[PDB]
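What follows is each chain in one-letter form.
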Amino acid sequence: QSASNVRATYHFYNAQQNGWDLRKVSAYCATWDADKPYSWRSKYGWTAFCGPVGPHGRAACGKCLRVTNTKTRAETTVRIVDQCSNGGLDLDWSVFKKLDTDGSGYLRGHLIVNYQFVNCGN
């Protein structure tokens, strides 16, 4: 699934500073994904998801999104680890910072992004 022009906020999951441990950050998906390999947990930065198109909640856990800053064209791939309110994304700060290439997202409090569910790879 995909959608355009969705709001992405940020939350301090601090994934890296929690050793990529989903239980430590209190991620919804910890119940099913916390014991996946370290290589899997740490492959991609983390997000909450609650977009207009595609699964959310339990069915979305562990899936990957390609996210594009509509304003700057910066991109990254994230892993769904949590659920959110809003019809968009709640990115870990590290991910938001990566995408916020002009700093305007930090100032306003959100980015406008497109997303697409993508193969997570191996």
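- Its PDB header attributes the entry to X-ray crystallography and lists the resolution as 1.05 Å.

### Brief notes about the state of the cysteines
Phase 1: Enumeration over the complete set of coordinates arrives at three disulfides.
Phase 2: The disulfide bridge from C50 ends at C84, spanning 2.1 Å between sulfur atoms. When the S-S torsion is -100°, as for the bridge of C50 with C84, the disulfide is left-handed. Placement of the pair is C50 in the loop between β2 (45-49) and β3 (64-69) and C84 in the loop between β4 (75-83) and β5 (89-92), with a sequence separation of 34 residues.

### As for the nonpolar core
Phase 1: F49, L65, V67, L89, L91, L99 and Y115 are the most contacted members of the largest nonpolar core, which totals 19 residues.
Phase 2: Looking at this core, the elements with two or more residues in it are β1 (2-11), β3, β4, β5, α3 (93-99) and β6 (111-118).
Phase 3: Here this core takes four residues from β6, the largest share from any one element.
Phase 4: The next biggest cluster of nonpolar side chains, apart from the first, holds 13 residues, and it includes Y13, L22, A27 and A34.

### Brief notes about the side chain of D82
Phase 1: With respect to the helices and strands, the residue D82 is situated in strand β4.
Phase 2: We note that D82 is buried and unpaired, the nearest opposite charge coming from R23 at a distance of 13 Å.
Phase 3: Side-chain polar atoms of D82 contact the backbone nitrogen of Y28, separated by 2.8 Å.
Phase 4: Excluding residues that lie within four positions of it along the chain, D82 makes contacts with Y13, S26, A27, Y28, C29, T47, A48 and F49.

### Some words on the side chain of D90
Phase 1: Here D90 lies in strand β5.
Phase 2: In this structure, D90 is buried with no salt-bridge partner, the nearest side chain bearing the opposite charge being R7 at 8.6 Å.
Phase 3: At 2.7 Å, the side chain of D90 and the side chain of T9 are in polar contact.
Phase 4: If sequence neighbours within four positions are ignored, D90 has contacts with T9, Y10, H11, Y13, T47, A48 and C84.

### Let's talk about the packing of aromatic side chains
Phase 1: One pass over the full model with this rule turns up 11 aromatic pairs.
Phase 2: Pairing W20 with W46 gives two aromatic rings, centres 5.5 Å apart and planes at 80°, and the pair type is edge-to-face. Residue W20 is located in the loop between β1 and α1 (30-33), and its partner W46 is located in strand β2; the two are separated by 26 residues in the primary sequence. For the pair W20 and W46, one class covers both residues: buried.
Phase 3: On the numbers, 5.3 Å between centres and 65° between planes, the contact of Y28 with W32 is edge-to-face.
Phase 4: By relative accessible area, which is 32% here, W32 ends up partly exposed.
Phase 5: These aromatic residues form a ring-pair network of at least three members: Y10, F12, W93, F96 and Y106.
Phase 6: The ring centre of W40 lies 5.5 Å from the NZ or CZ of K36, which sits over that ring.

### Here's the deal with the environment of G121
Phase 1: Secondary-structure assignment places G121 in the segment after β6.
Phase 2: Separated by 57 residues in the primary sequence, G121 and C64 have C-alpha atoms spaced 9.2 Å apart.

Cut-off values and rules
Residues numbered from 1 in each chain as written, not as in the entry; some residues may be left out. Heavy atoms only, no water. Residues with missing side-chain atoms left out of burial classes, pairs and counts. Disulfide = S-S within 2.5 Å. Helix = DSSP H or I, 4+ residues; strand = E, 2+ residues; numbered from the N terminus. Core = buried A, V, L, I, M, F, W, Y, C linked by side-chain atoms within 4.5 Å. Buried < 20%, exposed > 50% of the residue type's maximum accessible area, 1.4 Å probe, protein only. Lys, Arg positive; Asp, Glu negative; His and termini not counted. Salt bridge = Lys/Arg side-chain N within 4 Å of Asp/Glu carboxyl O. Polar contact = N/O pair within 3.5 Å; in protein donor to acceptor, adjacent residues only side chain to side chain. Contact = heavy atoms within 4.5 Å. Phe/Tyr/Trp six-rings, centres within 6.5 Å; stacked < 30°, edge-to-face > 60°. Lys NZ or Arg CZ within 6 Å of the ring centre and 35° of its normal.

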